[PDB]
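J.: One structure is given below, represented as structure tokens, and several questions about it will come after.
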Amino acid sequence: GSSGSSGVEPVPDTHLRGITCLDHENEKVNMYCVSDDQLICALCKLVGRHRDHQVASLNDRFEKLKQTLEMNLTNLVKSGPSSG
Ligand SMILES: [Zn+2]
Ligand SMILES: [Zn+2]
């Protein structure tokens with residue numbers, strides 16, 4: 001077998017040069033919900049509460065045509081001792 005350990009790095013202070021989604025601070029809202037009258041992203045319409053909602057696509061020319069599943073990552077995390 002094998003043994004390995006690791007920690008985690010703090011998210012980089014995102015600049016104000018790119019508006020993201022509320023729930024998802026990574027996906028750039030590329031859609032807009034009519035019923036909810038609120039800008040949403042792909043993840044919001046994919047699995048988000050807007051699963052079967054009526055959104056009005058923005059980008060005329062479909063960009064994301066093909067769709068596949070991305071390999072999921074499995075990591076660990078647990079706080080330990082410390083001093084000052
Ligand atoms: Zn979203
Ligand atoms: Zn909605």
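Under PDB author numbering, residues 1 to 84 are what the sequence shown spells out, in order. Positions of the beta carbon are idealized from the N, C-alpha and C atoms, including for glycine.
(1) Please name the residue in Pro10, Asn26, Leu76 whose C-alpha comes closest to that of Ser3.
(2) Any residues whose CB sits closer than 6 angstroms to a heavy atom of ligand 2? List them in chain order?
(3) Of all residues in the structure, which have a C-beta closer than 5 angstroms to any heavy atom of ligand 1, taken in chain order?
(4) Apart from the five residues on each side of it in sequence, which residues of its chain come closer than 8 angstroms, Cβ to Cβ, to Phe62?
(5) Among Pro81, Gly1, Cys44, whose alpha-carbon lies nearest the alpha-carbon of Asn30?
T.: Reading from the atomic positions:
(1) Ranking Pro10, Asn26, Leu76 by Cα distance to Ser3 puts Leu76 first.
(2) Here the list is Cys33, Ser35, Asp36, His50, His53.
(3) Counting only beta-carbon distances shorter than 5 angstroms to the non-hydrogen atoms of ligand 1, the qualifying residues in chain order are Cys21, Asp23, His24, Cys41, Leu43, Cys44.
(4) Closer than 8 angstroms at Cβ, skipping near neighbours: no residue.
(5) In this structure, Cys44 is the residue among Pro81, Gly1, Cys44 with its C-alpha nearest to the C-alpha of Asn30.
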